[PDB]
Structures are given as structure tokens and as C-alpha cells.
Amino acid sequence: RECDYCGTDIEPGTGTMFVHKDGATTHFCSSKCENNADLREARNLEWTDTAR
Amino acid sequence: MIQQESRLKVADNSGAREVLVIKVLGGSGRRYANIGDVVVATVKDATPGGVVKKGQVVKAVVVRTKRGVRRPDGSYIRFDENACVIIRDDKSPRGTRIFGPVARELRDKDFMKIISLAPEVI
Amino acid sequence: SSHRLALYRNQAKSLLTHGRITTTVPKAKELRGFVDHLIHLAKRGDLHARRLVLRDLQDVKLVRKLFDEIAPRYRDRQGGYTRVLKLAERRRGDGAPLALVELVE
Amino acid sequence: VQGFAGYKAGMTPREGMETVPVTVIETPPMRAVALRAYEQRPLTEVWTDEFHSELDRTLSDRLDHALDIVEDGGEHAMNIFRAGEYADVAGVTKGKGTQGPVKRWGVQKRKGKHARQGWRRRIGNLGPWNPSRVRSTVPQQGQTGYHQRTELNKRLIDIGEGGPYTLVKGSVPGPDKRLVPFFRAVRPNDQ
Amino acid sequence: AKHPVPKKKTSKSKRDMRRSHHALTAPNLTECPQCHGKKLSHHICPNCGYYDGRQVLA
RNA sequence: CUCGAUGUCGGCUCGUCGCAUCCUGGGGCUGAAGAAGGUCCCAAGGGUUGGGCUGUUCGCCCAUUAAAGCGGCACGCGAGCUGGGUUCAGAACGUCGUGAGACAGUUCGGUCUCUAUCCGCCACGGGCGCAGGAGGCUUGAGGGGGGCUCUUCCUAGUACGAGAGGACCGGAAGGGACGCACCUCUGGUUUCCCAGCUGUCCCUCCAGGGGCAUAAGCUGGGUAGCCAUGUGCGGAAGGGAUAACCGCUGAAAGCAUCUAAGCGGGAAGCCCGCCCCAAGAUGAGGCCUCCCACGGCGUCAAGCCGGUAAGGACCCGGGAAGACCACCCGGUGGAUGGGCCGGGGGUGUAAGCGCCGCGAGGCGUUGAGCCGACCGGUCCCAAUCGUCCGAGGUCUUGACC
């Protein structure tokens, strides 16, 4: 994928994946993805695998 | 995780909305309701009297907790939310339908019923 | 905190000026490494390096003085550019086993 | 020396089939010093110098098979401990020190409305009026960090030599890496 | 606010006994490097400057 | 006994007994088949949950559970809180009183004090001891820790059973509270490590910084150690002596009787076993590995001196070792600190120049820069040189060379 989108990344040959309601999702990564993303609009996201 | 009066929504339709957590079901001591687990709480509020109704003595189980569940697969999983499903003494749901995904779990501790109803089980 | 630094600061400062002062055991034991460390930077020697060293010390004269001045007299070794020497006596009322330290020379 | 033992490698988990965390342990054969027997009279420890080079800087199976390696010349490679086994190890607590009746000993402290009142840590009480002064009962700020700790059901998973070393099933060696580890599988229950 | 205070004349005896475990122990000092004399085990001095390097006065 | 004064209710915490035992095992009983109850004898090990409303305990109610015990110790605990409350003056009502005041009727609010001496407890050092002087290793008498449990499965839906049900016996698995230990995985830390920021003073103008804005001014983040929300693990076997309780062999009662004598059965319980000390258990224990008889003085001079690095120490340098102390490793024939150096980790691509847009900025060089303890090299630095103390081998008896 791309930490869902968070093109950064973090935590070994395992990692981990957060998640939201509605069969929707959020595979995941670092404390730079999280919080931010968990609170607005992905599009606008830069740094990473979006505003790449 | 999830006891006294921590609240959690529905994903099925039983006719609920959210529910307060009385006891963690199992036996004495015990202090925790983790998906798969089964809770002894009630309605904090439920639709316009579908079939349940606000403030209704209840029985529900575990399927969504942002407490993060460590998968024997040294893996990790969690959710943006915390809620579960009602039940008929017979570990049997009511909501005819599901909502947000869930986790293998259930299966492991009995419930298929939802296991599949679920839009997606993670 | 802000004090740990400050110290290292003025001490690092004063020192380079003389190259061996009189503070107690520890005090010295540290002003070393640091100050020390700093050195190793005068050694690096450049835009950056300087922009640091100074960053703390704050002061052309020196800052430069060392980077150029001493730095060299050291360009060769491997850290240690300081020889922390304990002392014989002790500040009064107190009774603190002060000590002296210099730039190994 | 009746047993087998060495020091703490460290911990980490990884692999398996579901996955599982253990700990590494260092120790070839720390030679063989005499051997336990109270024969003809009182016998226990001799010393026919054959040790290191520094050591004078300070100068019936278990023990038995020993005879095997302790007469060989001294040393004795460790590892019967094989594939899937339960010895037991006795670490050394951990210079944790003298602490409050808090962690030292489970206990609830200064509640709320007074769970702060620049108040806090400090036991509740000692003894009643009539009973009698005190008991040797209620612990105290009973220092820790030095205890001769250990445990049980110590299952070893695997081992290999490259350097004689052992992989463990759940670490909790007690003491810290580079620490003094001694193992055994005492009155095992999982047997 | 004297909750707790002694309760029985401390007993000279004891008292002192207490003050007993106390005691000094002369500076372990050694003798000059070449300074010739007695110095603070490990240091130059108003007799030295040496050690190996003349880092002092007199 | 106490008024030259023992601070009283409930709560909190920390608990400790006891058994008439609530849960838990073992039993005999039943109008007990099963299953589940009832009855009573034996056993306290361990254990016996969240809320509610009430100052309360008590108590009723809510959801659990195997269970959700009775009572001791001034209905334990104020020199340990609580301090609501009954129990200072206010002041209120109601209430009696000509009144004044008043009330186990009520209602608002109303100053619980830093320095433990002794005994006592938990802890760590100092002696002095254990009669050569010496470092290393073990025994444990005797103490202390811990012991609980639900549920799920085959045996089996077979015994029983008209049926709806549901076994001893025998065996898997999971989980609950709990405790020991431990960072790997997880999560909380991260007072400066790294990054973005607005206000300001110095900085030289720009840039590039600097304190202060707590003791970091603010925000994002963050090893290593500590630490749970998290990791292993544990409460078991089994051995012996019993309760109650069940039997055998058989008197006295030529017939019976667990019975005095003889022999066995039988418990979460005692003893042992499993961990945790531990001979200062003055009965100072064992054992191995070192040291050898030095000086001169009136004596059973077991008294004064060089010693033996056997040996230790002190001083230095260091430790998840740590209040001090004691305890551990090192002391330049060293890698012990720091230093440097690679390595990892961490922050998100720097200072500069460059190239696009009036500017703001961007894009590049550049996953840059900068890096606090984490893994490991290298004598740059700093553990130089030096002291002190330390044995000799007490008396009797005998066993062997």
C-alpha cells in the first residue's frame, strides 16, 4: 500500500494497521502520519505518498 | 478495557445506538471487556424505539476497541472506535445486520453469526 | 538544565582563553568532554563547525581564535585535547576538592 | 558443581510459527571444581590448581556426568539442555535499591481530595492499641535490586555453538544482560 | 508542635556511647614525587609543581 | 485505673488473629438414582468482586460470581490522612418558655500541631567472636514465601432414564483474580536529542544564532534505563504421618464388635517436596587453595618489633552497587572513565550556492544535518608514583607413621 497513504512508515517486518468504521480503513505507520491524518482531510497531505 | 460506564456504539441494527458497560462477563474479579469478551451493560440511547429502546437491560460482546489487540501473530490491530453487538443469552446477535468490520477473534470465541454478516473482518 | 549549559558555557569560554582553569572535581570532569567536544569542532573547522562552536560560546575573537589558533596545535590527535587534573587543596568553609584542567599540551 | 550456569545474553523473540520471545545466554564449560560427596568423612571441595591465568589474582547424574568433564581436564560444554526443555535459572535481582512502600510492596496510596495534597506515598498503618507494639509482619521499605531471584517452568527452546549459547522461552532472567545466570529443570510439572 | 520528644533523660553513658561509633582517621597522604615531603596522595603542591610536568609555582 | 486529661462515629490504608466454614476438600445422612439440593461430623488453605442511595455500618436495589462468611484486637488503628457526623459561638425553622434559653428534631457553615529517645519494625554498615594468618565453595537445624478458581471438551449424552436430564472414575484446553521476574513485541515515559513557532533584547544589516518568555516559553516527535495497559512464569506433581470418615484380622461377652493390643483405607489440610534467607544455631560447622617459624627483652614472657602482596587495604577510576556504608569490576605489563572512531537510534534533507515567481516561498544539491546514555575497535585524556596493616602456629588426652 503506502501506510494506507502515509508514505513514511514505521515498526519492523510487522508494523500495524489502525482502522475506522464502515468497512473503511487505515493501515498504518508513524506518529507523524497518525494524529494528523486521524483528525482531517487526506488530500492536502503532503510530506508523504500523497503530495509526493 | 471497557467496564464501569465506558460507552460503545452498535454496528448491528438490533435497534440500538450506544451502550453503557456494567460488568465484564466471565466470573468474579475480572476487569475487562475486550472484543470477543461479553459485556453486561445497557442502552445509553437507542433509535426511535426500533425494538430495543433507550435504557434497556442488555447483553453485548466485543468487536471494536481502540485498546489495540496483540495478535498471536506478534501482530497488532486496533480501531478508530469502541463498540459491539447485543446478544440472546445464546451468544446470538439481534441486529440482523452488521456494520464496521471486526476481527478473527469472534470466531475463536464463537459468534460466526456476525463473523460473516460483517462487511469485513480484520 | 539552563544552568548545566550556562556553565559549560562560560567555563568553556574562560578556559579556551587560558587553557586550564580551576573548578572542582566534577565541574572540571565535564567542562572537559564538552569543551573537549567543542574542540574536535574547531578541528572540523568550517562554516558549519564554526556556526556551532560559536552557537554556544558566542564570540568572534575566540570562537575564531581557537578554531584557527589552537585547533591546529591539535589537528592530529584523537579527542582528549584536555588533561583534567585534580588538585591538592579545597575551598574553605566548604572543603571542596576543587581541581584544575587544561588542554593537554 | 551440581547444575550448569552462566550469564544473561539479552532478549528479543522473532519467528517460530505464531511467534515467540526469549533470551540469549552465554556459557561454554566453566571448568569443573571437585565434586559433591561426603564419603569416609567430610568431603566437598578440593583444588588441584589448573584454573585460568588470572584467577590467582584472587587465589547423582547432574554432578556425575560431571566427573565426565571435570576429570577431562576441567571445563564441560553446556547444552545437555536440548531442544524443548525446562531448566530453571536464578538471576540476581537488580540494584533497584531502597524504595517507598509503593512499588517495593503493592499498596494503594493517597486517594483523591488527598491523593495529591502535596500528600502521597506512605503506608497506612502498623498495629492497634491493645494488641502489642509491633509485628515482624508488615514488610517495610525492604530494599530490592540485590535479591537472589529466580523462578520455575523455565523452558529452553534451542541452542547452537559459535560460542556455546542458549535460546530461551520467555526471558525474565531477573538480572541484566551481562548478568549472572544459573539454570537447572527442577521438579518440573510440565515434565 | 512537639508530637514526639525524648522520654527519659538520655543516659550520658549511652548518650556518649552513641557519639561513640564516631571517630576520625588521619589523611592517607604519601610522600613527595621529588618534591620530597608529604603530599595529598596524588597531587603536586606548595612543594611540588611536578608530577611529571611543572604545572604550578612556588 | 485515666479529669496534671486514653482524641469518640463512618471512611482510608495496613492487617492480624478465631470457627460455631460463605467459596473451597474430605466425609456419614436423606423422604439421595441422575443432576442438583437438604442434614450433620472434620478440616481454616487459599479466597469471599463493581456500582447505586445513604455522614454512616446496617440496609434495600442494580450486573456478576464458586463464594460473594460470623467475629476479635480499646466494636484494631489521629503522634497515619479522613474528618461528613453526632459534639464550640453563628444563624435558620419548628418547638417550649411572660420570658431568658432552650431540644438523641431538623438545616448552611465552623483553625486535626514539621524535628521518634527507649522498647518495636525494615533495612545497611561497625565491632568483637568463632584461638595459626590466609581467598575461593558449600551444609542447612531453623526460619519466610507461596498455596484459590471459573468454564469449555472425550470418556458420555453411555450409568440412572418412562422423560425434560444428568455422574462418580479417568483425561484435554482456555480464562479470572494474584505474585516473581522482564523489554524482545505493546504501550507510558524521554528537562534538551532532533525538529516547526509566535513576542522580544544582543548579536554586525541580511542572513545564521542567542537568553527569556519557569526551573525548558510553546507545539511534533523521540532510543537507552525505569515502567504497565504489555512479556515468561508460577501456584503442580509425588512421598510420609492423619481428621471425619470406611475396613480386615479377633479377645474379654463359648454367639457379634475398626478394637486396647496387630494391620490397612481416606483429606485444598500437618511434615517433606517446590522458591527465600540462614550458624552472631557464642554447639561459631565442611572443604580446597595458598602462606611458613622473624626479632630482642625474667617465663605457663598466648607481651612489645620486621616481615611473607598468601594476603588485604587504603587513594584513584569506574558500575541498574548503591542515602552514607558496606558490595562488584578495573588501576597505564591498562581498555576503567572520558575522547575519538565505526555501528546502530533518533529527528525529517541543514548551513551554502544553485536554478523557477515581483514577493511570499519552491524545487536541488540532500533521506541532508544534528545527533544524550545502546554495540564494539583505538593507549588522544585521565587511573603516576606511594603507604599501612598483617601469621604463626594455646593447654590436656590418645589413634596412627
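Taking B:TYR76, is it in a strand (DSSP E or B) and of a type in the set (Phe, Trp, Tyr)? It would help to see each step written out before you state the result.
Working: in a strand (DSSP E or B): yes; of a type in the set (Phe, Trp, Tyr): yes.
Criteria met by B:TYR76.
Output the qualifying pairs, or none if there are none: Cβ atoms under 6 angstrom, residues six or more apart or on different chains, first residue in the stretch D:25-46 and closer than 29 Å to D:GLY91 by Cβ, second residue exposed (fewer than 10 other Cβ atoms within 10 Å of the Cβ).
Hits for this filter: D:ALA34/D:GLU45; D:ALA34/D:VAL46.
Which of the numbered conditions does B:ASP90 fail, given that it passes all the others? Conditions: (1) in contact with a strand residue (DSSP E or B) (Cβ under 9 Å, 6 or more places away or on another chain); (2) within 16 Å of RNA strand F (Cβ to nearest atom); (3) part of a loop (DSSP other than H, G, I, E, B).
Status for B:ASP90: all satisfied but (1).
State the number of residues belonging to the stretch D:5-32 that are away from every other protein chain (no Cβ under 14 Å), over 18 Å from the mean Cα position of the chain (by Cα) and within 7 Å of RNA strand F (Cβ to nearest atom).
0
In the set B:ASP90, B:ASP80, B:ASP45, which member is of a type outside the set (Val, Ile, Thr), touching a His at 6+ places or on another chain (Cβ under 6 Å) and farther than 29 Å from D:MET17 by Cβ? Step through it out loud before you land on a result.
On the way: B:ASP90 fails: touching a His at 6+ places or on another chain (Cβ under 6 Å); B:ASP45 fails: touching a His at 6+ places or on another chain (Cβ under 6 Å).
On inspection, the qualifying residue turns out to be B:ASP80.
Among residues belonging to the stretch C:8-27 that are within 14 Å of chain E (Cβ to nearest Cβ) and in a helix (DSSP H, G or I), point out the one that is farthest from RNA strand F (Cβ to nearest atom).
Ranking the candidates gives C:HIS18 first.
Going by the conditions given, is D:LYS94 more than 30 Å from D:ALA34 (Cβ to Cβ), within 11 Å of RNA strand F (Cβ to nearest atom) and in contact with a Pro (Cβ under 7 Å, 6 or more places away or on another chain)?
Working: more than 30 Å from D:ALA34 (Cβ to Cβ): yes; within 11 Å of RNA strand F (Cβ to nearest atom): yes; in contact with a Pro (Cβ under 7 Å, 6 or more places away or on another chain): yes.
In short, yes.
Kindly indicate which of A:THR14, A:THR50, A:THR8 is within 12 Å of chain B (Cβ to nearest Cβ) and assigned to a loop (DSSP other than H, G, I, E, B). Steps first, please.
Working: A:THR50 fails: within 12 Å of chain B (Cβ to nearest Cβ); A:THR8 fails: within 12 Å of chain B (Cβ to nearest Cβ).
Only one candidate passes the filter, namely A:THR14.
State which residue is surrounded by the fewest Cβ atoms within 10 Å (Cβ to Cβ) when the search covers only the stretch D:1-19 and only residues that are in contact with a strand residue (DSSP E or B) (Cβ under 9 Å, 6 or more places away or on another chain) and under 20 Å from D:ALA185 (Cα atoms).
D:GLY3
Kindly indicate whether any position in the stretch B:29-42 is of a type in the set (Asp, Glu) and within 19 Å of A:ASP22 (Cα to Cα). Steps first, answer last, please.
In the first step, residues of the stretch B:29-42 are kept if they are of a type in the set (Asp, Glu); the result is B:37.
If we keep only those that are within 19 Å of A:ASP22 (Cα to Cα) as well, we get none.
No - not one qualifying residue is present in the stretch B:29-42.
Just a yes or no: is a residue in the stretch C:43-50 more than 14 Å from every other protein chain (Cβ to nearest Cβ), of a type in the set (A, V, I, L, M, F, W, C), under 11 Å from the mean Cα position of the chain (by Cα) and in a helix (DSSP H, G or I)? Please lay out each step first, then the result.
Here is the first cut: in the stretch C:43-50, the ones more than 14 Å from every other protein chain (Cβ to nearest Cβ) are C:43-50.
Adding the requirement that they be of a type in the set (A, V, I, L, M, F, W, C) leaves C:47, C:49.
Subset that is under 11 Å from the mean Cα position of the chain (by Cα): none.
No, the conditions are met nowhere in the stretch C:43-50.
Considering the stretch A:33-47 alone, what residues qualify as being in a loop (DSSP other than H, G, I, E, B), surrounded by 15 or more Cβ atoms within 10 Å (Cβ to Cβ) and away from chain B (no Cβ under 12 Å)? Even if it seems obvious, please write down each step before you answer.
To start, the set of residues in the stretch A:33-47 that are in a loop (DSSP other than H, G, I, E, B) comprises A:33-35, A:40-42, A:44, A:46-47.
Those left that are additionally surrounded by 15 or more Cβ atoms within 10 Å (Cβ to Cβ): A:33-34.
A:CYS33, the sole residue that qualifies.
For the condition assigned to a strand (DSSP E or B) and either within 14 Å of chain D (Cβ to nearest Cβ) or within 30 Å of A:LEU39 (Cβ to Cβ) (or both), what is the one hit in B:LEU106, B:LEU8? If you could, list the steps in order and put the result at the bottom.
Working: B:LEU106 fails: assigned to a strand (DSSP E or B).
One residue alone meets the criteria, B:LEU8.
Among the residues of the stretch B:32-49, how many are assigned to a loop (DSSP other than H, G, I, E, B) and surrounded by 14 or more Cβ atoms within 10 Å (Cβ to Cβ)?
First, pick out the residues of the stretch B:32-49 that are assigned to a loop (DSSP other than H, G, I, E, B): B:32-37, B:47-49.
After this cut, where a residue has to be surrounded by 14 or more Cβ atoms within 10 Å (Cβ to Cβ) as well, the list is B:32-37, B:47.
Counting residues in the stretch B:32-49 that are assigned to a loop (DSSP other than H, G, I, E, B) and surrounded by 14 or more Cβ atoms within 10 Å (Cβ to Cβ) gives 7.
Right, C:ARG83: touching an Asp or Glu at 6+ places or on another chain (Cβ under 6 Å), within 14 Å of another protein chain (Cβ to nearest Cβ), surrounded by 13 or more Cβ atoms within 10 Å (Cβ to Cβ) and of a type in the set (D, E, K, R) or not?
Working: touching an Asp or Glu at 6+ places or on another chain (Cβ under 6 Å): yes; within 14 Å of another protein chain (Cβ to nearest Cβ): yes; surrounded by 13 or more Cβ atoms within 10 Å (Cβ to Cβ): yes; of a type in the set (D, E, K, R): yes.
It is true that C:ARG83 is touching an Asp or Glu at 6+ places or on another chain (Cβ under 6 Å), within 14 Å of another protein chain (Cβ to nearest Cβ), surrounded by 13 or more Cβ atoms within 10 Å (Cβ to Cβ) and of a type in the set (D, E, K, R).
Would you mind finding the one in D:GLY174, D:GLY162 that is among the small types (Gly, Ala, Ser) and surrounded by fewer than 17 Cβ atoms within 10 Å (Cβ to Cβ)? Spell out how you get there, then give the answer.
Working: D:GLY174 fails: surrounded by fewer than 17 Cβ atoms within 10 Å (Cβ to Cβ).
So the residue among D:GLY174, D:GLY162 that is among the small types (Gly, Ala, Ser) and surrounded by fewer than 17 Cβ atoms within 10 Å (Cβ to Cβ) is D:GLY162.
Restricting to the stretch B:63-85, name every residue that is more than 29 Å from D:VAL20 (Cβ to Cβ) and not β-branched (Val, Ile, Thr). Break it down stepwise before answering.
Residues of the stretch B:63-85 that are more than 29 Å from D:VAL20 (Cβ to Cβ), as a first pass: B:80-85.
Once the filter is applied, which keeps residues that are more than 29 Å from D:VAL20 (Cβ to Cβ) and not β-branched (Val, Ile, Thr), the stretch B:63-85 yields B:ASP80, B:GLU81, B:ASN82, B:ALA83, B:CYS84.
Residues of the stretch D:36-75 being within 13 Å of RNA strand F (Cβ to nearest atom), among the aliphatic types (A, V, I, L, M) and surrounded by 10 or more Cβ atoms within 10 Å (Cβ to Cβ), which ones?
Passing the criteria: D:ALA37, D:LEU43, D:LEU55, D:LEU63, D:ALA66, D:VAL70.
Does any residue in the stretch B:68-97 that is more than 14 Å from chain D (Cβ to nearest Cβ) and surrounded by fewer than 19 Cβ atoms within 10 Å (Cβ to Cβ) come within less than 7 Å, Cβ to Cβ, of a residue that is part of a loop (DSSP other than H, G, I, E, B) and of a type in the set (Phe, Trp, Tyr) six or more places away or on a different chain, and which pairs are these?
These pairs meet every condition: B:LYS91/B:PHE111.
Name every residue in the stretch D:131-159 that is in contact with a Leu (Cβ under 8 Å, 6 or more places away or on another chain) and either near RNA strand F (Cβ under 6 Å from one of its atoms) or within 14 Å of another protein chain (Cβ to nearest Cβ) (or both), in order of residue number.
Those that are in contact with a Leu (Cβ under 8 Å, 6 or more places away or on another chain) and either near RNA strand F (Cβ under 6 Å from one of its atoms) or within 14 Å of another protein chain (Cβ to nearest Cβ) (or both): D:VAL134, D:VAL138.
Name, by its number, the condition in (1) closer than 30 Å to D:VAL20 by Cβ; (2) crowded, with 21+ Cβ neighbours inside 10 Å that does not hold for B:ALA60.
The one condition B:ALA60 does not meet is (1).
Quick note: the coordinates plus some simple rules give every number you see, no bench work behind them. Positions of Cβ are generated from backbone atoms using ideal geometry, with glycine treated the same way; all protein chains shown enter the neighbour counts.
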